[PDB]
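Below you will find one chain, with nothing else, as structure tokens; this is the form deposited in one PDB entry, and questions on how it binds or moves follow later.
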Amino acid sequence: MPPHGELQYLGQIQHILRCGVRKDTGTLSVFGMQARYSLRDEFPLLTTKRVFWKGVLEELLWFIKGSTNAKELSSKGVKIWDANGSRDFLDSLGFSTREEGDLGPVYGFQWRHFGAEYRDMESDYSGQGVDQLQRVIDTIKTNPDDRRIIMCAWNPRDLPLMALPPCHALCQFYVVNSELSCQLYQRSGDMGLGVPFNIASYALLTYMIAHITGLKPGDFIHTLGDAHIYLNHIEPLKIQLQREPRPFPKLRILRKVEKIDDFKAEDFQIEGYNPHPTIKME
């Protein structure tokens, strides 16, 4: 039977290890990859190593809120953007004026206020720029056949203001047979560390939008540009490739929610998540 689920991911690791080139403290890398994760009665949270579910869910709610304030995610116990908002790191980018935690116009601002003028992370941007996220939901409801259902985080004008240029440049949604699918264009993928988190994020987003629009989840298609393994991750990845995948968990949404801004972390339960030990890399 053809490789499905987790074996797509593990297949991509294997391909990089065998066919990737040394491109540099260093990586093995392949340009252009594509995996398909079914979302039908399962949720692609990897089992060969524990994924930081809690980080996935809080990061996403933080984006949905429009927030560009690393402290606002750090308050929920998720520190993954904290280094990017530090005094020293902001100072190194020429942003000595800026308050600690102001990442600039990253995902949350691009998703809700694309094209508005960024001031700081505290400003009110109500009704300013394009609310791409709501515009996606509306189009799914009133014209599911549309082929322009896109949300774009890549904004060349705003790049120089951002703490980090986005890895997730864009996503597109698609509907047929009452199933909502999503494809992510990810320009750069650290396969050991980032990508399992990244798959879970966009699968989570697709579950959320499906729920709001009365559709069932379909596929998550993960497209990569620069797909790489850091050289220090090879040996641990070699341990991991030999573990037997367990079946994917399910994601249960615990109440009927009408607008995407109303989702809360306690609305979500991951069922039957049975991962092998977090055996992870630098």
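Under this definition, the rigid core comprises the largest set of C-alpha atoms superposing within 1.5 Å between the forms. Only residues modelled in both forms are compared. Don't overthink the numbering: it's just position in the shown sequence, from 1.
One more form of this protein exists, namely the form deposited in another entry; it is left out here, but the text below deals with it.
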Response to the item:
Of the residues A116, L164, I150, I212, superposed on the core between this form and the one not shown, only the C-alpha of one moves by 2 Å or more, and that residue is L164
Worksheet entry | Residue pair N198, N155 - Cα distance in that other deposited form, closer or farther (3 Å or more) | closer
Worksheet entry | Residue pair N198, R157 - Cα distance in that other deposited form, closer or farther (3 Å or more) | closer
Practice prompt. Go ahead and list the segments of at least 3 residues in a row whose C-alphas all shift 2 Å or more between this form and the one not shown, with the rigid core as the reference fit.
Written response: 2-4, 154-158, 160-168
